[PDB]
$ cat structure30.tsv   # TSV, C-alpha atoms and all ligand atoms
chain	number	residue	atom	x	y	z
A	26	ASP	CA	111.13	7.35	-127.07
A	27	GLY	CA	114.23	8.10	-129.11
A	28	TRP	CA	116.14	7.15	-125.97
A	29	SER	CA	117.91	3.90	-125.23
A	30	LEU	CA	119.75	2.80	-122.13
A	31	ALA	CA	123.50	2.95	-122.78
A	32	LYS	CA	124.90	2.30	-119.33
A	33	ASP	CA	123.91	1.22	-115.82
A	34	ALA	CA	126.52	0.79	-113.11
A	35	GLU	CA	127.15	2.03	-109.59
A	36	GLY	CA	123.57	3.24	-109.29
A	37	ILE	CA	123.66	5.50	-112.34
A	38	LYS	CA	121.81	5.18	-115.62
A	39	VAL	CA	122.79	6.94	-118.84
A	40	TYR	CA	120.52	7.31	-121.87
A	41	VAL	CA	121.47	8.51	-125.33
A	42	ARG	CA	119.58	9.31	-128.48
A	43	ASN	CA	120.35	10.42	-131.98
A	44	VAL	CA	119.54	14.01	-132.88
A	45	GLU	CA	118.82	14.48	-136.58
A	46	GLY	CA	121.37	16.58	-138.46
A	47	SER	CA	123.96	16.19	-135.71
A	48	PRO	CA	126.82	13.65	-135.45
A	49	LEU	CA	126.67	13.95	-131.67
A	50	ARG	CA	124.13	12.08	-129.53
A	51	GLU	CA	122.24	13.76	-126.72
A	52	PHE	CA	122.71	12.19	-123.32
A	53	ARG	CA	120.58	11.93	-120.18
A	54	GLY	CA	122.16	10.70	-116.96
A	55	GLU	CA	120.13	9.62	-113.96
A	56	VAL	CA	121.15	9.03	-110.36
A	57	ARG	CA	119.37	9.08	-107.01
A	58	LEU	CA	121.06	10.82	-104.12
A	59	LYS	CA	120.56	10.76	-100.37
A	60	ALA	CA	120.37	14.51	-100.30
A	61	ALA	CA	117.80	17.25	-100.51
A	62	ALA	CA	117.17	19.11	-103.79
A	63	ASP	CA	118.53	22.34	-102.29
A	64	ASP	CA	121.76	20.51	-101.35
A	65	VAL	CA	122.43	19.96	-105.04
A	66	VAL	CA	121.40	23.52	-105.86
A	67	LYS	CA	124.09	24.79	-103.49
A	68	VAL	CA	126.77	22.70	-105.21
A	69	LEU	CA	125.65	23.90	-108.64
A	70	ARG	CA	125.79	27.47	-107.29
A	71	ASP	CA	129.38	27.12	-106.15
A	72	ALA	CA	130.99	27.47	-109.58
A	73	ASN	CA	134.33	28.44	-108.06
A	74	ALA	CA	134.33	24.85	-106.78
A	75	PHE	CA	133.44	22.98	-109.99
A	76	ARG	CA	137.11	22.29	-110.70
A	77	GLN	CA	137.19	20.35	-107.41
A	78	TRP	CA	134.81	17.54	-108.47
A	79	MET	CA	133.43	18.21	-111.93
A	80	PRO	CA	135.49	15.99	-114.28
A	81	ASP	CA	137.85	17.48	-116.86
A	82	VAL	CA	137.52	20.97	-115.37
A	83	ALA	CA	140.97	22.53	-115.12
A	84	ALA	CA	139.63	25.80	-113.74
A	85	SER	CA	136.37	27.52	-112.90
A	86	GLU	CA	135.08	30.89	-111.77
A	87	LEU	CA	131.70	32.40	-110.92
A	88	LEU	CA	131.24	35.53	-113.04
A	89	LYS	CA	127.79	36.66	-111.94
A	90	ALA	CA	124.94	35.37	-109.80
A	91	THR	CA	121.39	36.52	-109.16
A	92	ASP	CA	118.56	34.59	-107.48
A	93	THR	CA	117.44	32.90	-110.66
A	94	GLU	CA	120.52	33.00	-112.92
A	95	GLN	CA	124.26	32.50	-113.07
A	96	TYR	CA	127.34	32.74	-115.27
A	97	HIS	CA	130.61	30.92	-114.74
A	98	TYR	CA	133.84	30.43	-116.62
A	99	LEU	CA	135.35	27.03	-117.24
A	100	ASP	CA	138.65	25.81	-118.62
A	101	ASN	CA	138.12	22.23	-119.81
A	102	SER	CA	140.64	19.39	-119.89
A	103	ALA	CA	140.21	16.15	-121.84
A	104	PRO	CA	140.93	12.41	-121.56
A	105	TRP	CA	143.41	12.83	-124.45
A	106	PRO	CA	146.32	15.16	-125.19
A	107	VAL	CA	144.27	17.70	-127.12
A	108	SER	CA	144.18	21.43	-126.45
A	109	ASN	CA	141.91	22.66	-123.65
A	110	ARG	CA	138.73	24.48	-124.61
A	111	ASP	CA	137.10	27.10	-122.40
A	112	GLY	CA	133.63	28.57	-122.19
A	113	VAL	CA	131.10	30.64	-120.35
A	114	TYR	CA	127.92	28.95	-119.15
A	115	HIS	CA	124.53	30.34	-118.27
A	116	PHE	CA	122.48	28.43	-115.66
A	117	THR	CA	118.86	29.36	-115.04
A	118	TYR	CA	117.14	28.10	-111.88
A	119	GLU	CA	113.42	27.35	-111.97
A	120	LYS	CA	111.23	25.91	-109.21
A	121	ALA	CA	108.11	24.22	-110.58
A	122	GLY	CA	104.75	24.19	-108.81
A	123	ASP	CA	105.50	20.75	-107.36
A	124	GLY	CA	108.90	21.52	-105.83
A	125	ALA	CA	110.81	20.08	-108.76
A	126	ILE	CA	113.86	22.19	-109.54
A	127	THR	CA	115.10	22.66	-113.10
A	128	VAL	CA	118.45	24.31	-113.89
A	129	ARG	CA	118.51	25.25	-117.57
A	130	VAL	CA	122.02	25.30	-119.02
A	131	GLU	CA	123.30	27.20	-122.03
A	132	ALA	CA	126.70	27.97	-123.54
A	133	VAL	CA	127.22	31.68	-124.16
A	134	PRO	CA	130.54	31.92	-126.14
A	135	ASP	CA	130.53	35.75	-126.49
A	136	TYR	CA	129.90	36.67	-122.84
A	137	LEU	CA	133.62	37.17	-122.26
A	138	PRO	CA	136.17	37.86	-125.03
A	139	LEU	CA	138.04	34.92	-126.54
A	140	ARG	CA	141.03	33.88	-124.47
A	141	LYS	CA	143.54	33.24	-127.15
A	142	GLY	CA	145.76	30.26	-126.54
A	143	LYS	CA	142.46	28.46	-126.31
A	144	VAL	CA	139.43	27.27	-128.31
A	145	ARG	CA	136.05	28.64	-127.20
A	146	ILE	CA	133.27	26.02	-126.90
A	147	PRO	CA	130.36	26.86	-129.21
A	148	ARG	CA	126.74	26.67	-128.08
A	149	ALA	CA	125.82	23.82	-125.73
A	150	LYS	CA	122.35	23.17	-124.23
A	151	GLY	CA	120.47	21.05	-121.69
A	152	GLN	CA	119.40	20.94	-118.07
A	153	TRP	CA	119.62	19.46	-114.64
A	154	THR	CA	116.42	18.26	-113.03
A	155	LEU	CA	116.09	17.90	-109.28
A	156	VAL	CA	112.95	16.17	-107.94
A	157	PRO	CA	112.61	15.35	-104.21
A	158	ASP	CA	112.04	11.76	-102.98
A	159	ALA	CA	110.67	10.64	-99.65
A	160	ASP	CA	114.21	10.64	-98.32
A	161	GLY	CA	116.36	12.26	-101.03
A	162	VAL	CA	116.40	13.57	-104.57
A	163	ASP	CA	116.12	12.14	-108.06
A	164	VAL	CA	118.66	13.77	-110.38
A	165	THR	CA	118.56	14.20	-114.14
A	166	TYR	CA	121.48	15.56	-116.19
A	167	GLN	CA	120.78	16.07	-119.90
A	168	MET	CA	123.01	17.77	-122.52
A	169	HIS	CA	123.35	18.12	-126.27
A	170	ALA	CA	126.43	19.77	-127.80
A	171	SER	CA	126.96	20.96	-131.40
A	172	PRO	CA	130.26	20.77	-133.38
A	173	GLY	CA	133.20	22.62	-131.83
A	174	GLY	CA	136.35	22.44	-129.72
A	175	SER	CA	139.53	20.39	-130.13
A	176	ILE	CA	137.95	16.91	-129.94
A	177	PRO	CA	136.61	15.45	-133.22
A	178	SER	CA	132.81	15.04	-133.20
A	179	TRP	CA	133.28	11.35	-134.02
A	180	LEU	CA	135.36	11.02	-130.85
A	181	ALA	CA	133.05	12.92	-128.51
A	182	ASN	CA	130.13	10.77	-129.65
A	183	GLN	CA	131.86	7.44	-129.00
A	184	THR	CA	132.67	8.68	-125.47
A	185	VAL	CA	129.46	10.60	-124.82
A	186	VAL	CA	128.34	8.18	-122.07
A	187	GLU	CA	131.32	8.88	-119.82
A	188	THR	CA	130.38	12.54	-119.40
A	189	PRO	CA	127.12	12.21	-117.48
A	190	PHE	CA	128.34	9.01	-115.79
A	191	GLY	CA	131.50	10.68	-114.52
A	192	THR	CA	129.75	13.89	-113.56
A	193	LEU	CA	126.91	12.32	-111.55
A	194	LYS	CA	129.32	9.92	-109.84
A	195	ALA	CA	131.51	12.80	-108.80
A	196	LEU	CA	128.63	15.00	-107.71
A	197	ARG	CA	127.51	12.07	-105.51
A	198	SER	CA	130.96	11.63	-103.92
A	199	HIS	CA	131.15	15.37	-103.52
A	200	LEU	CA	127.81	15.83	-101.72
A	201	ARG	CA	128.92	13.18	-99.23
A	202	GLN	CA	131.42	15.67	-97.77
B	1	MN	MN	113.48	8.45	-106.05

$ encode --input "structure30.tsv" --output "structure tokens" --more "lines below"
Ligand SMILES: [Mn+2]
Amino acid sequence: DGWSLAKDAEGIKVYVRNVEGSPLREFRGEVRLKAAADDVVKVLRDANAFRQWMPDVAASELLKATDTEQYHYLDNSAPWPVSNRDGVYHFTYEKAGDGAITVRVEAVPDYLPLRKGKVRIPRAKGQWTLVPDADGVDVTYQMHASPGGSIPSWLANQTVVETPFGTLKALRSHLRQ
């Protein structure tokens, strides 16, 4: 597998695994929502709104959107008094033959110029997975980040579970509105 269950509470499961040559573990969060797949797609489209629910987001803006792709700008906070780091993210929406929806996620540091006063997050990578249930949708959120930002790698690793846990919990509360 490589994976191992790291947390299970409030209906959410988070898996982690080592990635060779990195000091940061990859996570995979899992939750099941009473919503349709395209209800989560809408929320993930509304990047201007990330800051409203998505944890540790100080600010967010949609830069560009097509049918299949999107770019948004984020200013990230942190659980500790460290400088904020910002970044541009590329989402790519794919609908598989079976109605499963995959949103491929990718940091793109050079899309906009550096905003100086701020550290630019280096490449990140992962995806959301949205697969319909009889009555809802099964949600996967998986990310691996490389070294960068204002939070020591050793610190981000020891706290890596709280990112998908906090995100999925907030996306659940948020869809309920
Ligand atoms: Mn299910």

$ residues_around --input "structure30.tsv" --residues "residue A:41" --least-positions-apart "4" --cutoff "6 Å" --atoms "all atoms listed in the file" --output "PyMOL selection string"
chain A and resi 28-29+51-52

$ residues_around --input "structure30.tsv" --residues "residue A:72" --least-positions-apart "3" --cutoff "9 Å" --atoms "all atoms listed in the file" --output "list in words"
residues 68, 69, 75, 76, 85, 86, 87, 88, 96, 97, 98 and 99 of chain A

$ residues_around --input "structure30.tsv" --residues "residue A:149" --least-positions-apart "5" --cutoff "7 Å" --atoms "only C-alpha atoms" --output "list in words"
residues 131, 132, 169, 170 and 171 of chain A

$ closest_atom_pairs --input "structure30.tsv" --of "chain A" --to "ligand MN 1 (chain B)" --cutoff "8 Å" --atoms "all atoms listed in the file" --output "JSON lines"
{"residue": "A:57", "atom": "CA", "partner": "B:MN1", "partner_atom": "MN", "distance": 6.0}
{"residue": "A:156", "atom": "CA", "partner": "B:MN1", "partner_atom": "MN", "distance": 8.0}
{"residue": "A:157", "atom": "CA", "partner": "B:MN1", "partner_atom": "MN", "distance": 7.2}
{"residue": "A:158", "atom": "CA", "partner": "B:MN1", "partner_atom": "MN", "distance": 4.7}
{"residue": "A:159", "atom": "CA", "partner": "B:MN1", "partner_atom": "MN", "distance": 7.3}
{"residue": "A:161", "atom": "CA", "partner": "B:MN1", "partner_atom": "MN", "distance": 6.9}
{"residue": "A:162", "atom": "CA", "partner": "B:MN1", "partner_atom": "MN", "distance": 6.1}
{"residue": "A:163", "atom": "CA", "partner": "B:MN1", "partner_atom": "MN", "distance": 5.0}

$ residues_around --input "structure30.tsv" --residues "stretch 189-202 of chain A" --least-positions-apart "4" --cutoff "7 Å" --atoms "only C-alpha atoms" --output "VMD selection string"
chain A and resid 37 39 54 56 58 78 to 80 166

$ atom_distance --input "structure30.tsv" --atom1 "atom CA of residue A:95" --atom2 "atom CA of residue A:130"
9.6 Å

$ closest_residue --input "structure30.tsv" --among "A:185, A:100, A:114, A:160" --to "residue A:144" --atoms "only C-alpha atoms"
A:100

$ closest_residue --input "structure30.tsv" --among "A:141, A:32, A:110, A:67" --to "residue A:53" --atoms "only C-alpha atoms"
A:32

$ atom_distance --input "structure30.tsv" --atom1 "atom CA of residue A:175" --atom2 "atom CA of residue A:46"
20.3 Å

$ closest_residue --input "structure30.tsv" --among "A:36, A:27, A:112, A:104" --to "residue A:145" --atoms "all atoms listed in the file"
A:112

$ closest_residue --input "structure30.tsv" --among "A:164, A:174, A:126, A:155" --to "residue A:111" --atoms "all atoms listed in the file"
A:174

$ build_atoms --input "structure30.tsv" --residues "stretch 138-156 of chain A" --atoms "N, CA and C atoms" --output "short mmCIF file (atom, residue, chain, number, x, y, z; two decimals), in the coordinates of the input"
data_model
loop_
_atom_site.label_atom_id
_atom_site.label_comp_id
_atom_site.auth_asym_id
_atom_site.auth_seq_id
_atom_site.Cartn_x
_atom_site.Cartn_y
_atom_site.Cartn_z
N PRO A 138 135.34 37.94 -123.83
CA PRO A 138 136.17 37.86 -125.03
C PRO A 138 136.86 36.51 -125.14
N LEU A 139 137.23 36.11 -126.35
CA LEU A 139 138.04 34.92 -126.54
C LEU A 139 139.32 35.04 -125.74
N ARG A 140 139.75 33.93 -125.16
CA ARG A 140 141.03 33.88 -124.47
C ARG A 140 141.97 33.19 -125.41
N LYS A 141 142.80 33.94 -126.12
CA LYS A 141 143.54 33.24 -127.15
C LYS A 141 144.82 32.54 -126.72
N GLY A 142 144.79 31.24 -126.98
CA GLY A 142 145.76 30.26 -126.54
C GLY A 142 144.84 29.06 -126.40
N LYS A 143 143.57 29.33 -126.69
CA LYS A 143 142.46 28.46 -126.31
C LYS A 143 141.27 28.52 -127.28
N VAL A 144 140.63 27.37 -127.48
CA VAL A 144 139.43 27.27 -128.31
C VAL A 144 138.17 27.49 -127.47
N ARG A 145 137.28 28.36 -127.92
CA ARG A 145 136.05 28.64 -127.20
C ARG A 145 134.93 27.67 -127.62
N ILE A 146 134.37 26.95 -126.65
CA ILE A 146 133.27 26.02 -126.90
C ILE A 146 132.05 26.73 -127.47
N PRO A 147 131.52 26.22 -128.59
CA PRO A 147 130.36 26.86 -129.21
C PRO A 147 129.12 26.44 -128.44
N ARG A 148 127.96 26.92 -128.84
CA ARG A 148 126.74 26.67 -128.08
C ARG A 148 126.54 25.22 -127.61
N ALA A 149 126.19 25.08 -126.34
CA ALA A 149 125.82 23.82 -125.73
C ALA A 149 124.43 24.07 -125.14
N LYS A 150 123.72 23.01 -124.74
CA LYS A 150 122.35 23.17 -124.23
C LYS A 150 121.78 21.93 -123.53
N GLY A 151 121.11 22.14 -122.41
CA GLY A 151 120.47 21.05 -121.69
C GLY A 151 119.90 21.50 -120.36
N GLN A 152 119.84 20.57 -119.40
CA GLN A 152 119.40 20.94 -118.07
C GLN A 152 119.63 19.87 -117.02
N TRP A 153 119.67 20.33 -115.77
CA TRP A 153 119.62 19.46 -114.64
C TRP A 153 118.17 19.48 -114.19
N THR A 154 117.74 18.37 -113.60
CA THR A 154 116.42 18.26 -113.03
C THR A 154 116.61 17.67 -111.65
N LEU A 155 116.03 18.34 -110.66
CA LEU A 155 116.09 17.90 -109.28
C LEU A 155 114.66 17.72 -108.71
N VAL A 156 114.29 16.48 -108.44
CA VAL A 156 112.95 16.17 -107.94
C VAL A 156 113.06 15.38 -106.65
#
